[PDB]
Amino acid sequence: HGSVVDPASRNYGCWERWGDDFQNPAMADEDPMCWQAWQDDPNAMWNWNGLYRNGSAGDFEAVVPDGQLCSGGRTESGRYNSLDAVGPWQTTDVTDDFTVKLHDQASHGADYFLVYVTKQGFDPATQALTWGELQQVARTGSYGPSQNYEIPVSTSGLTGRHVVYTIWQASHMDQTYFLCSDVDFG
């Protein structure tokens, strides 16, 4: 089990930035999206590696409804539902070419990764994520077991605030992780 650690996924980022200080009274002001997530279910952050579905059989649109992409279709008994909130999620700056880095506690391997980015013109701070607002930026082949996976992504013509959506199909069984990372291309 794991997540995208760079550019940090929504819940990994909330954990990394606030986990040592998760009731900090400045969070509501400085990072309202993390604040509402911590208020809804702190375990969305403590269990940062648990954002998966089993048994999708590759049919992700059938199991991840529009507006529920960042929670993996309200997966894991709703633990990550707050990640579907619409608002000014904290971004990580990226260059046009950037590496998606995943950390995997179990070295499952990947059958493949799919990486999408929100289209130019889509505003993640005011619009719910939908499949129709994504553009595919990479698909990979398989990765052998490792504690870290790196996907070298290359984009051009993307500016400002976007969401990267990384889908990790693990190799040990039909299990899939759905990772939203807010990014800023500048």
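The first residue of the shown sequence is 1; numbering continues from there.
- Note on 129-137 vs 45-53: mean CA B-factor is higher in 129-137.
- Relative to its counterpart among 55-63 and 155-163, 55-63 has the higher mean temperature factor, C-alpha atoms as listed in the PDB entry.
- For the set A106, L83, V94, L114, the PDB entry assigns the largest Cα B-factor to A106.
- If you compare the C-alpha temperature factors of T118, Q36, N148, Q68 in the entry, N148 comes out highest.
- Among all modelled residues in its chain, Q23 ranks in the highest third by Cα B-factor.
- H172 sits in the highest third of its chain by CA B factor, as recorded in the PDB entry.
- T99 sits in the middle third of its chain by CA B factor, as recorded in the PDB entry.
- Ranked within its chain, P7 lands in the lowest third, by CA B factor from the PDB record.
- The deposited CA B-factor of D31 belongs to the lowest third of values across its chain.
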